[PDB]
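What follows is one chain in structure tokens, specifically the form deposited in one PDB entry.
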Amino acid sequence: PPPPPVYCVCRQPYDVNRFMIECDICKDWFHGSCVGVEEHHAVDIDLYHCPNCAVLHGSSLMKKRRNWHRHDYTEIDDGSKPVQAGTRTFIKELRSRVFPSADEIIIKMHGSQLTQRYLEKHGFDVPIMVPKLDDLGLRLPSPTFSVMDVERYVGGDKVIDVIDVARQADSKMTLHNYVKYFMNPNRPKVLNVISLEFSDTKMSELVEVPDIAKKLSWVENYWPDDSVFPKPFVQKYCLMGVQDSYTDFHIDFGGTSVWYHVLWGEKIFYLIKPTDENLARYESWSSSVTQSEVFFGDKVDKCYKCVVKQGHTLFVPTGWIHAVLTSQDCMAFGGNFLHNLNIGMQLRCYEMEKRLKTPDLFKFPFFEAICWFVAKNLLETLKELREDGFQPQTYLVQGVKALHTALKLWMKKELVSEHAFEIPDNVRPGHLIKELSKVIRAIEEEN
């Protein structure tokens, strides 16, 4: 009559969906939550000793630090091995570097002026800075809002993704434990939260994205209600990071444009323009094996340092390559959106993510799906303008044409196999491409 197999001090049966750690003394397994060990602490622990065993054997044996510049702080500090991203020395070095002020390129303006008419007329190809909050239609919680409040609304037991910035590695924590950590002024490690999307929490009630962002948003103007696919939520994000948190260079998923508002603290963006040259150097860099050892900002001609003060709102347009340094403990809200202003580049960025085989969960949920719905509606628009007297605006045409090129490419016999599952069973792929080709031919003719 063998006893049912249970583990941990809670004498519970094994659950494969829960993080556990092995005690080197008793050989049993323990739930991180039962013994107070976070998933990100596992890499620090050399040999784990559970509380009970610790009474006579002492605490766990931790790995010894010999670094300040390598992801694996155990490597000997002999001279070989370059400085890696997000480490203490890296940050020190990053803070000493000299960059061209982002003032040379970004546009600063009043919220009331930032409209779709303005964007269509002058384009949206450089970052836009909006010092004051007035006229953005951007509603956020009081500047006094604290992490304890984030916990109060969202929910203490919610599971979020944390980033051990000095290792550039991900793990998971409950929002409660993250707050406990953030609240302790003395943090033995730099942790950063950047993917806590709360549009489905009681905290959504408090935030309201910028009008321009909603006015432009693809999901907001083209994603149907009668959709079989699940509507994407990348509109409301809560960002919390302690000082010296770092995010290496990247291009937001799906070539989406984004908005950031620092409630309190100070974020520092390192902006790189989306030139063909740079976009190539980036795609190489983001795949090279020495990535973590090369500060990409050096592989290009100009890297702009944009300091975002608390109270300010920044807008980064499609394609821009950027890294972010957290000058000080900060909490900021932000969001991503796709729009017509730069249809071509968005597709360009999407094609690039596909080649870098960036993980599934690290992309934009249903990129192709939305692209279909858009092509569809734009067909009705371009057509309704023709049968109405006016000729479409240059950009929209340049864009619908790029989208046209894209849809045709996905249907291509040797390719339709992968882009197949992504088509909405609400659209006639071959049909849209035909009707779209003529309106394009028509427009191209009249002009």
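Residues carry their position along the shown sequence, with the first being 1. The term rigid core refers to the maximal set of C-alpha atoms that superpose within 1.5 Å between the two forms. Residues that one form lacks are left out of the comparison.
Omitted from view is the form deposited in another entry, to which the following refers.
Here residue 363 counts as shifted, since its C-alpha moves by at least 2 Å between the shown form and the other one after the core is aligned. In the core-superposed comparison between the shown form and the other one, the C-alpha atom of residue 385 has shifted by at least 2 angstroms. Look at residue 196 and residue 360: in the other form their Cα atoms come 3 Å or more closer than in this form. One change in the other form concerns residue 363 and residue 197, whose Cα atoms lie at least 3 Å closer than in this form. Comparing the conformations between the shown form and the other one, with the rigid core held fixed, yields the displaced runs 359-364, 384-391, 441-447, each spanning 3+ consecutive residues whose C-alpha shift is 2 Å or more.
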